[PDB]
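Structure below is upload-v8.pdb: PDB, C-alpha atoms (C1' of nucleotides).
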```pdb
MODEL        1
ATOM      1  CA  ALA A 195      -9.848 -18.200  61.869  1.00  0.00           C
ATOM      2  CA  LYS A 196     -11.269 -16.991  58.548  1.00  0.00           C
ATOM      3  CA  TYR A 197     -14.153 -19.472  58.578  1.00  0.00           C
ATOM      4  CA  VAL A 198     -14.897 -18.787  62.253  1.00  0.00           C
ATOM      5  CA  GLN A 199     -15.261 -15.068  61.520  1.00  0.00           C
ATOM      6  CA  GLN A 200     -17.519 -15.963  58.580  1.00  0.00           C
ATOM      7  CA  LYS A 201     -19.617 -18.079  61.000  1.00  0.00           C
ATOM      8  CA  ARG A 202     -19.534 -20.968  58.520  1.00  0.00           C
ATOM      9  CA  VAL A 203     -18.110 -23.275  61.209  1.00  0.00           C
ATOM     10  CA  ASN A 204     -19.268 -23.498  64.808  1.00  0.00           C
ATOM     11  CA  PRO A 205     -16.077 -23.203  66.911  1.00  0.00           C
ATOM     12  CA  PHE A 206     -17.441 -25.512  69.627  1.00  0.00           C
ATOM     13  CA  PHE A 207     -16.419 -28.599  67.615  1.00  0.00           C
ATOM     14  CA  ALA A 208     -12.736 -27.727  67.271  1.00  0.00           C
ATOM     15  CA  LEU A 209     -10.281 -30.618  67.257  1.00  0.00           C
ATOM     16  CA  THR A 210      -7.097 -30.244  69.272  1.00  0.00           C
ATOM     17  CA  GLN A 211      -3.758 -29.762  67.548  1.00  0.00           C
ATOM     18  CA  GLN A 212      -2.592 -33.136  68.882  1.00  0.00           C
ATOM     19  CA  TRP A 213      -5.303 -34.867  66.848  1.00  0.00           C
ATOM     20  CA  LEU A 214      -4.705 -32.665  63.801  1.00  0.00           C
ATOM     21  CA  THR A 215      -1.019 -33.616  63.766  1.00  0.00           C
ATOM     22  CA  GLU A 216      -1.947 -37.307  63.923  1.00  0.00           C
ATOM     23  CA  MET A 217      -4.440 -36.951  61.072  1.00  0.00           C
ATOM     24  CA  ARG A 218      -2.057 -34.853  58.962  1.00  0.00           C
ATOM     25  CA  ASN A 219       0.616 -37.524  59.400  1.00  0.00           C
ATOM     26  CA  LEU A 220      -1.856 -40.126  58.137  1.00  0.00           C
ATOM     27  CA  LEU A 221      -2.897 -37.852  55.265  1.00  0.00           C
ATOM     28  CA  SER A 222       0.702 -37.309  54.145  1.00  0.00           C
ATOM     29  CA  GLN A 223       1.697 -40.986  54.333  1.00  0.00           C
ATOM     30  CA  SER A 224      -1.251 -42.315  52.319  1.00  0.00           C
ATOM     31  CA  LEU A 225      -1.848 -41.489  48.656  1.00  0.00           C
ATOM     32  CA  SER A 226      -5.221 -43.261  48.472  1.00  0.00           C
ATOM     33  CA  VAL A 227      -6.829 -40.728  50.821  1.00  0.00           C
ATOM     34  CA  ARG A 228      -5.265 -37.831  48.908  1.00  0.00           C
ATOM     35  CA  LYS A 229      -6.586 -39.124  45.579  1.00  0.00           C
ATOM     36  CA  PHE A 230     -10.125 -39.333  46.978  1.00  0.00           C
ATOM     37  CA  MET A 231     -10.130 -35.764  48.289  1.00  0.00           C
ATOM     38  CA  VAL A 232      -8.540 -34.473  45.080  1.00  0.00           C
ATOM     39  CA  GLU A 233     -11.272 -36.249  43.106  1.00  0.00           C
ATOM     40  CA  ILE A 234     -13.879 -34.550  45.299  1.00  0.00           C
ATOM     41  CA  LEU A 235     -12.215 -31.190  44.632  1.00  0.00           C
ATOM     42  CA  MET A 236     -12.368 -31.618  40.851  1.00  0.00           C
ATOM     43  CA  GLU A 237     -16.007 -32.751  40.861  1.00  0.00           C
ATOM     44  CA  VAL A 238     -17.048 -29.969  43.247  1.00  0.00           C
ATOM     45  CA  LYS A 239     -15.122 -27.445  41.132  1.00  0.00           C
ATOM     46  CA  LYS A 240     -17.316 -28.302  38.130  1.00  0.00           C
ATOM     47  CA  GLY A 241     -20.239 -25.899  38.403  1.00  0.00           C
ATOM     48  CA  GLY A 242     -23.770 -26.331  37.152  1.00  0.00           C
TER      49      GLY A 242
ATOM     50  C1'   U B   1     -12.043  41.581 -74.103  1.00  0.00           C
ATOM     51  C1'   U B   2      -7.061  40.957 -76.231  1.00  0.00           C
ATOM     52  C1'   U B   3      -1.591  42.191 -77.341  1.00  0.00           C
ATOM     53  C1'   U B   4       5.264  37.584 -74.259  1.00  0.00           C
ATOM     54  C1'   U B   5       7.649  33.092 -75.065  1.00  0.00           C
ATOM     55  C1'   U B   6       7.091  27.943 -76.053  1.00  0.00           C
ATOM     56  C1'   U B   7      11.455  22.021 -82.342  1.00  0.00           C
ATOM     57  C1'   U B   8      16.642  20.296 -82.626  1.00  0.00           C
ATOM     58  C1'   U B   9      22.290  20.641 -82.234  1.00  0.00           C
ATOM     59  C1'   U B  10      27.173  16.673 -76.080  1.00  0.00           C
ATOM     60  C1'   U B  11      28.864  11.977 -74.860  1.00  0.00           C
ATOM     61  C1'   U B  12      27.722   6.825 -74.490  1.00  0.00           C
ATOM     62  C1'   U B  13      32.515  -1.085 -77.282  1.00  0.00           C
ATOM     63  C1'   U B  14      37.173  -3.212 -75.444  1.00  0.00           C
ATOM     64  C1'   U B  15      42.488  -3.252 -73.401  1.00  0.00           C
ATOM     65  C1'   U B  16      44.673  -5.491 -65.191  1.00  0.00           C
ATOM     66  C1'   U B  17      45.142  -9.686 -62.243  1.00  0.00           C
ATOM     67  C1'   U B  18      43.087 -14.352 -60.886  1.00  0.00           C
ATOM     68  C1'   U B  19      46.960 -23.127 -59.712  1.00  0.00           C
ATOM     69  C1'   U B  20      50.497 -25.023 -55.970  1.00  0.00           C
ATOM     70  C1'   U B  21      54.960 -24.856 -52.468  1.00  0.00           C
ATOM     71  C1'   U B  22      54.439 -24.606 -43.738  1.00  0.00           C
ATOM     72  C1'   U B  23      53.322 -27.688 -39.776  1.00  0.00           C
ATOM     73  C1'   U B  24      50.181 -31.508 -37.927  1.00  0.00           C
ATOM     74  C1'   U B  25      52.033 -39.782 -33.273  1.00  0.00           C
ATOM     75  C1'   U B  26      54.036 -40.674 -28.285  1.00  0.00           C
ATOM     76  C1'   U B  27      57.318 -39.815 -23.692  1.00  0.00           C
ATOM     77  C1'   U B  28      54.402 -36.799 -15.969  1.00  0.00           C
ATOM     78  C1'   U B  29      51.745 -38.324 -11.878  1.00  0.00           C
ATOM     79  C1'   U B  30      47.612 -41.179 -10.189  1.00  0.00           C
ATOM     80  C1'   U B  31      46.650 -47.671  -3.083  1.00  0.00           C
ATOM     81  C1'   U B  32      46.981 -47.149   2.351  1.00  0.00           C
ATOM     82  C1'   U B  33      49.047 -45.173   7.205  1.00  0.00           C
ATOM     83  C1'   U B  34      44.735 -39.707  12.578  1.00  0.00           C
ATOM     84  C1'   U B  35      40.724 -39.679  15.869  1.00  0.00           C
ATOM     85  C1'   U B  36      35.876 -41.449  16.880  1.00  0.00           C
ATOM     86  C1'   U B  37      31.840 -45.274  24.801  1.00  0.00           C
ATOM     87  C1'   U B  38      30.820 -43.144  29.729  1.00  0.00           C
ATOM     88  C1'   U B  39      31.737 -39.962  34.351  1.00  0.00           C
ATOM     89  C1'   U B  40      27.120 -32.714  36.322  1.00  0.00           C
ATOM     90  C1'   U B  41      22.466 -31.329  38.056  1.00  0.00           C
ATOM     91  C1'   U B  42      17.261 -32.257  37.964  1.00  0.00           C
ATOM     92  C1'   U B  43      10.651 -33.132  44.963  1.00  0.00           C
ATOM     93  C1'   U B  44       8.684 -29.460  48.481  1.00  0.00           C
ATOM     94  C1'   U B  45       8.829 -25.044  52.095  1.00  0.00           C
ATOM     95  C1'   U B  46       5.204 -17.193  50.461  1.00  0.00           C
ATOM     96  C1'   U B  47       0.575 -14.975  50.284  1.00  0.00           C
ATOM     97  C1'   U B  48      -4.460 -15.456  48.787  1.00  0.00           C
ATOM     98  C1'   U B  49     -12.802 -13.560  53.307  1.00  0.00           C
ATOM     99  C1'   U B  50     -14.988  -8.801  54.963  1.00  0.00           C
ATOM    100  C1'   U B  51     -15.060  -3.515  57.005  1.00  0.00           C
ATOM    101  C1'   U B  52     -16.683   3.747  52.280  1.00  0.00           C
ATOM    102  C1'   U B  53     -20.632   6.156  50.056  1.00  0.00           C
ATOM    103  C1'   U B  54     -25.075   5.683  47.218  1.00  0.00           C
ATOM    104  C1'   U B  55     -33.858   9.576  48.229  1.00  0.00           C
ATOM    105  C1'   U B  56     -35.505  14.720  47.704  1.00  0.00           C
ATOM    106  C1'   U B  57     -35.241  20.391  48.157  1.00  0.00           C
ATOM    107  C1'   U B  58     -34.214  25.883  41.396  1.00  0.00           C
ATOM    108  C1'   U B  59     -36.903  27.847  37.466  1.00  0.00           C
ATOM    109  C1'   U B  60     -40.400  26.908  33.642  1.00  0.00           C
ATOM    110  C1'   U B  61     -48.312  31.601  30.685  1.00  0.00           C
ATOM    111  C1'   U B  62     -48.892  36.520  28.277  1.00  0.00           C
ATOM    112  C1'   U B  63     -47.750  41.979  27.227  1.00  0.00           C
ATOM    113  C1'   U B  64     -43.959  45.003  19.925  1.00  0.00           C
ATOM    114  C1'   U B  65     -45.076  45.828  14.975  1.00  0.00           C
ATOM    115  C1'   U B  66     -47.522  44.020  10.655  1.00  0.00           C
ATOM    116  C1'   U B  67     -53.366  48.270   4.225  1.00  0.00           C
ATOM    117  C1'   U B  68     -52.364  52.163   0.550  1.00  0.00           C
ATOM    118  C1'   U B  69     -50.072  56.935  -1.550  1.00  0.00           C
ATOM    119  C1'   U B  70     -43.955  57.174  -7.849  1.00  0.00           C
ATOM    120  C1'   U B  71     -43.460  56.529 -12.889  1.00  0.00           C
ATOM    121  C1'   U B  72     -44.982  53.681 -17.081  1.00  0.00           C
ATOM    122  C1'   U B  73     -47.974  56.194 -25.930  1.00  0.00           C
ATOM    123  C1'   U B  74     -45.367  58.678 -30.051  1.00  0.00           C
ATOM    124  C1'   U B  75     -41.802  62.354 -32.433  1.00  0.00           C
ATOM    125  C1'   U B  76     -34.250  60.122 -36.352  1.00  0.00           C
ATOM    126  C1'   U B  77     -32.495  57.785 -40.655  1.00  0.00           C
ATOM    127  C1'   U B  78     -33.251  53.929 -44.157  1.00  0.00           C
ATOM    128  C1'   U B  79     -33.158  53.766 -53.833  1.00  0.00           C
ATOM    129  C1'   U B  80     -29.157  54.647 -57.438  1.00  0.00           C
ATOM    130  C1'   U B  81     -24.503  57.090 -59.597  1.00  0.00           C
ATOM    131  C1'   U B  82     -16.662  53.122 -60.191  1.00  0.00           C
ATOM    132  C1'   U B  83     -14.300  49.467 -62.810  1.00  0.00           C
ATOM    133  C1'   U B  84     -15.085  44.831 -64.834  1.00  0.00           C
TER     134        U B  84
ENDMDL
END
```
What is this structure when it is put down as structure tokens?
Amino acid sequence: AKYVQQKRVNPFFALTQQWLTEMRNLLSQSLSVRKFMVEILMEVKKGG
RNA sequence: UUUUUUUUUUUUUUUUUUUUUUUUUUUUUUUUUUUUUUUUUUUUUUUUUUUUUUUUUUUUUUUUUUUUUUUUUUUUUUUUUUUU
């Protein structure tokens, strides 16, 4: 809701909660995916 | 100026004491007797954008005064007399 009000995300492409639950289940089970997105977070955090 | 006083008269050898007499080996005790592993817990469950205001409105030259007028020479005293 916060990003929709900021107009950063177009709400037309909104995935259903059925798909989000399936993806979240995959994200929790697998550590390899988590490590990749954590690595992205650290690199993006570094400014410059 | 000066006028006194300003030698000396005692005492001053010595007489005691001053070796020594005790004690001074030893007699205990002196190994040891316990205990000495362990038994819990130890992931997580919230929140985390924003909503106001934010130019200015006055005043801000000057008006006075600002020369001077007195006084301003002088009039005393100023050797010495003792003692030593």
Quick one: contact table of chain A to range 43-63 of chain B, 10 Å max, nearest atom pair and distance in Å to one decimal per residue, counting all atoms listed in the file, chain and number order, as a tab-separated table?
```
residue	atom	partner	partner_atom	distance
A:196	CA	B:49	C1'	6.4
A:197	CA	B:49	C1'	8.0
A:199	CA	B:49	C1'	8.7
A:200	CA	B:49	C1'	7.5
```
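What separates CA of residue 198 in chain A from CA of residue 240 in chain A is a distance of 26.0 Å.
Taking CA of residue 217 in chain A as the reference point, CA of residue 230 in chain A is found at 15.4 Å.
The interatomic distance for the pair CA of residue 207 in chain A and CA of residue 239 in chain A works out to 26.5 Å.
Residue nearest chain B within the list A:202, A:221, A:213, A:229: A:202 [criterion: smallest interatomic distance, all atoms listed in the file].
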Please produce range 225-242 of chain A, completed to N, CA, C and O atoms, as an mmCIF file, keeping the file's coordinate frame.
```
data_model
loop_
_atom_site.group_PDB
_atom_site.id
_atom_site.type_symbol
_atom_site.label_atom_id
_atom_site.label_comp_id
_atom_site.auth_asym_id
_atom_site.auth_seq_id
_atom_site.Cartn_x
_atom_site.Cartn_y
_atom_site.Cartn_z
ATOM 1 N N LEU A 225 -1.438 -42.090 49.918
ATOM 2 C CA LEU A 225 -1.848 -41.489 48.656
ATOM 3 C C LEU A 225 -3.295 -41.790 48.298
ATOM 4 O O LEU A 225 -3.925 -40.998 47.590
ATOM 5 N N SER A 226 -3.840 -42.907 48.787
ATOM 6 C CA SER A 226 -5.221 -43.261 48.472
ATOM 7 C C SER A 226 -6.197 -42.227 49.019
ATOM 8 O O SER A 226 -7.162 -41.856 48.341
ATOM 9 N N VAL A 227 -5.969 -41.760 50.248
ATOM 10 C CA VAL A 227 -6.829 -40.728 50.821
ATOM 11 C C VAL A 227 -6.707 -39.436 50.026
ATOM 12 O O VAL A 227 -7.709 -38.777 49.726
ATOM 13 N N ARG A 228 -5.479 -39.062 49.661
ATOM 14 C CA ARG A 228 -5.265 -37.831 48.908
ATOM 15 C C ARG A 228 -5.981 -37.869 47.565
ATOM 16 O O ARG A 228 -6.578 -36.873 47.144
ATOM 17 N N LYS A 229 -5.925 -39.011 46.876
ATOM 18 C CA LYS A 229 -6.586 -39.124 45.579
ATOM 19 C C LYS A 229 -8.093 -38.940 45.709
ATOM 20 O O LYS A 229 -8.729 -38.331 44.840
ATOM 21 N N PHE A 230 -8.685 -39.467 46.783
ATOM 22 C CA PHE A 230 -10.125 -39.333 46.978
ATOM 23 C C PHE A 230 -10.523 -37.877 47.184
ATOM 24 O O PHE A 230 -11.500 -37.399 46.596
ATOM 25 N N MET A 231 -9.778 -37.154 48.022
ATOM 26 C CA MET A 231 -10.130 -35.764 48.289
ATOM 27 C C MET A 231 -9.801 -34.861 47.108
ATOM 28 O O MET A 231 -10.459 -33.833 46.918
ATOM 29 N N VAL A 232 -8.793 -35.216 46.310
ATOM 30 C CA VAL A 232 -8.540 -34.473 45.080
ATOM 31 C C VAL A 232 -9.665 -34.708 44.081
ATOM 32 O O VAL A 232 -10.114 -33.780 43.399
ATOM 33 N N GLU A 233 -10.150 -35.951 43.991
ATOM 34 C CA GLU A 233 -11.272 -36.249 43.106
ATOM 35 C C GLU A 233 -12.516 -35.473 43.515
ATOM 36 O O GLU A 233 -13.263 -34.985 42.658
ATOM 37 N N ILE A 234 -12.761 -35.358 44.821
ATOM 38 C CA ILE A 234 -13.879 -34.550 45.299
ATOM 39 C C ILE A 234 -13.700 -33.098 44.878
ATOM 40 O O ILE A 234 -14.654 -32.436 44.452
ATOM 41 N N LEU A 235 -12.472 -32.583 44.984
ATOM 42 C CA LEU A 235 -12.215 -31.190 44.632
ATOM 43 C C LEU A 235 -12.522 -30.918 43.166
ATOM 44 O O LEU A 235 -13.129 -29.895 42.832
ATOM 45 N N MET A 236 -12.108 -31.820 42.273
ATOM 46 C CA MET A 236 -12.368 -31.618 40.851
ATOM 47 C C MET A 236 -13.859 -31.662 40.547
ATOM 48 O O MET A 236 -14.372 -30.820 39.801
ATOM 49 N N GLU A 237 -14.572 -32.639 41.114
ATOM 50 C CA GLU A 237 -16.007 -32.751 40.861
ATOM 51 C C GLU A 237 -16.766 -31.563 41.436
ATOM 52 O O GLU A 237 -17.687 -31.040 40.798
ATOM 53 N N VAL A 238 -16.399 -31.127 42.641
ATOM 54 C CA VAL A 238 -17.048 -29.969 43.247
ATOM 55 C C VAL A 238 -16.732 -28.705 42.454
ATOM 56 O O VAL A 238 -17.586 -27.824 42.297
ATOM 57 N N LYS A 239 -15.508 -28.605 41.929
ATOM 58 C CA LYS A 239 -15.122 -27.445 41.132
ATOM 59 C C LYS A 239 -16.023 -27.267 39.918
ATOM 60 O O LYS A 239 -16.347 -26.132 39.548
ATOM 61 N N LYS A 240 -16.429 -28.365 39.286
ATOM 62 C CA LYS A 240 -17.316 -28.302 38.130
ATOM 63 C C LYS A 240 -18.664 -27.733 38.555
ATOM 64 O O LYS A 240 -19.408 -28.374 39.304
ATOM 65 N N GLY A 241 -18.980 -26.531 38.082
ATOM 66 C CA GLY A 241 -20.239 -25.899 38.403
ATOM 67 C C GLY A 241 -21.397 -26.475 37.612
ATOM 68 O O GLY A 241 -21.253 -27.389 36.800
ATOM 69 N N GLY A 242 -22.579 -25.919 37.866
ATOM 70 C CA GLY A 242 -23.770 -26.331 37.152
ATOM 71 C C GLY A 242 -24.934 -26.676 38.058
ATOM 72 O O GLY A 242 -26.091 -26.407 37.722
#
```
